[PDB]
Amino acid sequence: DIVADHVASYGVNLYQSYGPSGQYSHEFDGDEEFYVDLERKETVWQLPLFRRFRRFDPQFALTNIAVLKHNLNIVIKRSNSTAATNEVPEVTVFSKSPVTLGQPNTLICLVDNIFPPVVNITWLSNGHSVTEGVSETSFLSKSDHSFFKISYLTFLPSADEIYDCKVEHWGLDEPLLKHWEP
């Protein structure tokens, strides 16, 4: 382990056989600055400030991931085709700010110990699926080389409105349901 006032990943390069799929992002002090949409060849900054004052050429992400794809192919042969082990994720649901009935809030669903980086995070309101007002972070790195993803749900707090965070991963024996009610 290394200790410092600040830790930045410039950046997090991920490529895996399942899909195949890749991820390119930069992090600072544990928060994601941006990600590159590898299909749209576009840099997506995570703050209005970054969008207004910073710039990353997406062409460098794509080229990096191309080398990862080459590297993975070589190392699969070297490791005598050793596949990834599935980890059990840890799901936590909590609000963004204090709950006030009739005051727009955000439910935060933290999914930690993701490995491999393949996950389905969804929301439920009174047992039924919710797509309206849902958004999530990219896979965020960890020192142990597992990941964490955070999912959000904008909602209006009310009585007779129970919430759930449904997580699907190969590390689980059944889809994890993390409940939340105010």
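For every residue, the number given is its place in the sequence shown, counted from 1.
query = Which of the two stretches, 16-24 or 159-167, shows the higher mean Cα temperature factor in the record?
reply = Stretch with the greater average CA B-factor: 159-167.
task = Tell me which of 146-154 and 65-73 has the higher mean C-alpha B-factor in the deposited entry.
result = Per the PDB entry, the higher value belongs to 146-154.
key: Top residue by Cα temperature factor, when 38, 119, 140, 130 are compared in the entry   = Out of 38, 119, 140, 130, the record gives the largest C-alpha B-factor to 130.
message = Among the modelled residues of this chain, does the Cα B factor of residue 59 put it in the lowest, middle or highest third?
response = As the PDB entry reports it, the C-alpha B-factor of residue 59 lands in the lowest third of its chain.
ask   = Would the CA B-factor of residue 45 place it in the lowest, middle or highest third of its chain?
value = Lowest third.
request  = Tell me, lowest, middle or highest third: where does the Cα B factor of residue 123 rank within its chain?
outcome  = As the PDB entry reports it, the C-alpha B-factor of residue 123 lands in the highest third of its chain.
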